[PDB]
Every structure is written in C-alpha cells, then in structure tokens.
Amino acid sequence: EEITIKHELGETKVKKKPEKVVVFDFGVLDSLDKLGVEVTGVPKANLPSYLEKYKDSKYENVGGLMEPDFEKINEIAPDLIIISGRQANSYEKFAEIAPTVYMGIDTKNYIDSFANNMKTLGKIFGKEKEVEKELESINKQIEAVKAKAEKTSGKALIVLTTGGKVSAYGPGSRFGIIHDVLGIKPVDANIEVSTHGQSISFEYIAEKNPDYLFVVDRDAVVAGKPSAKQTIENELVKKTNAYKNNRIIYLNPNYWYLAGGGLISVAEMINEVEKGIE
C-alpha cells in the first residue's frame, strides 16, 4: 500500500512500512528508535552519544551528515531515505537513488513542523497512535515548563561556542523553542536568525546582562573536543547575573545541535530547559 508524501522539497511516493530505511536526520532516527521502527543505514560518523547503538554492525554505515556515501546508499537500494536541512542541497542526488522525504523544522512554527514530521512517520510506518501518545506527553511537558516559566521573569540568552568564538540565537532560530514554545523571556528578541548563529563578542553578553545563559558546545560534537567552559567562563562573562547565580546552563549538544526534532530529543531538550531554571 503505497502513499504520497508532500514536503518542503516536493512530493514522494513511498511504500507503506518500507523494508530498507536510510536516515540522515538524528531527530528522525531517535523518533524511529522511540517507535520500535527498524532502520538499515545511518551516518555513523556523527552519531549522537544517546544513539550510539546505531554503530552496531547490524546497521549499514552511509557516511556522515555532510558526507553521504552515495555509492553505498545505491548498493543498499533503500525503500526510503529521510533527510533534513544539512542535506537539503543533495535532495536530487538522493531522490535519484530512492524515494527521499525531506523533514525539516520550520523554526517559525517549531512544534507544528515537529508534529507533522512525526505524524508523517506515523503514516509511513503504521505508528499513528504511538506518535499521538508521544506528542501528548511532550504537550504536558511543555505546559509544565510553560507554567514554571511564567512563575518568574528574568531574561535569557542562547549562545553557541566553536573554537573560542561565540554566536547567539533568539526567537525563531534553531534554538528558539526556549523562547517561542516554553515561554522564557529573551534578552534580545530581534536576533538575526542564522543556522550557525549571529556572531557576537563577550562585550555583547556582559551588556544585555542575562539571568540565564544557555550554552551549546558545538566543538564537543563537531570536533570531539569540548570547549564550552573556557570560551565562556572568562572575566567579562563572569560579571553577569548568570555566573553569579550559577545559571550558566550547558545544553547537551548531542541532543541540541546534532539531533533535535525527535520524540526523544525534544523531550530531553525541554527537560534540560526545565532543570536549567529550577
């Protein structure tokens, strides 16, 4: 029983319950994990800590997030390839091999895109109720943090560290869920939305003077070398409220940077926010 999927990059006809599934989005991979859905191929080179089981030799290595092994993908001859924003530009290449669905998060409507992505997996795999149950759990999660949020005021800044440099995310960004969904107040509400974040210096941080400084150590997951500490915790940063209040919250980059938009990653993401402000 074939079905047709509409997505940002077009329309794909897909066999229901495809036998061989290749996944280039870790959110999706953690969602299929979460659902008991079996995958064939993953890019093992960038696997998140929490998805380390997909290193097993039962799974085919199809390369890296930025470096798909196209020849290997061909030899697998998958029934479905699922990609996201990091591979958007290779859509045609993938679609040439096998039916390819694109599943990205619209950051203007994080939760709505998330839900539709998940519901599309529900459809493809016959997992509609399991999906709805998980969507419901995250909804209650949100409301709770949404209450805890409104309890207090105090403004938040979201930063990312890569090689001693630091860049910022605000509403509508890849990390906007903090502001947009969970109801934390942004220290700067008009931050130019950018996939690796608006470049800034410490001069900027110790100015907007946030109560909460959410940090994402990019180097921990792209270099394998955590830098987040030393980049951040320096004189000019330490002057802030957040360092004095011990509210510099290092967010887990395995979830936040390599893998969001999945049943597991979004639940975990929300929990790191909750704990961050309790």
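Quick note: we count residues from 1 along the sequence shown, nothing fancier.
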item: Higher-scoring stretch by recorded Cα B factor average, 145 to 153 or 130 to 138; value: 145 to 153
item: Which of 186 to 194 and 90 to 98 has higher mean CA B factor, as the PDB entry lists it; value: 186 to 194
item: Most elevated Cα B-factor in the entry, residues 53, 239, 44, 34; value: 239
item: Identity of residue with top Cα B-factor, from 62, 232, 39, 221; value: 232
item: Residue 125, C-alpha B-factor rank within chain (lowest, middle or highest third); value: lowest
item: Chain-relative CA temperature factor third for residue 165; value: highest
item: Residue 212 by Cα B-factor - lowest, middle or highest third of the modelled chain; value: highest
item: Ranked against its chain, the third holding the CA B-factor of residue 26; value: lowest
item: Chain thirds of CA B-factor: placement of residue 112; value: middle
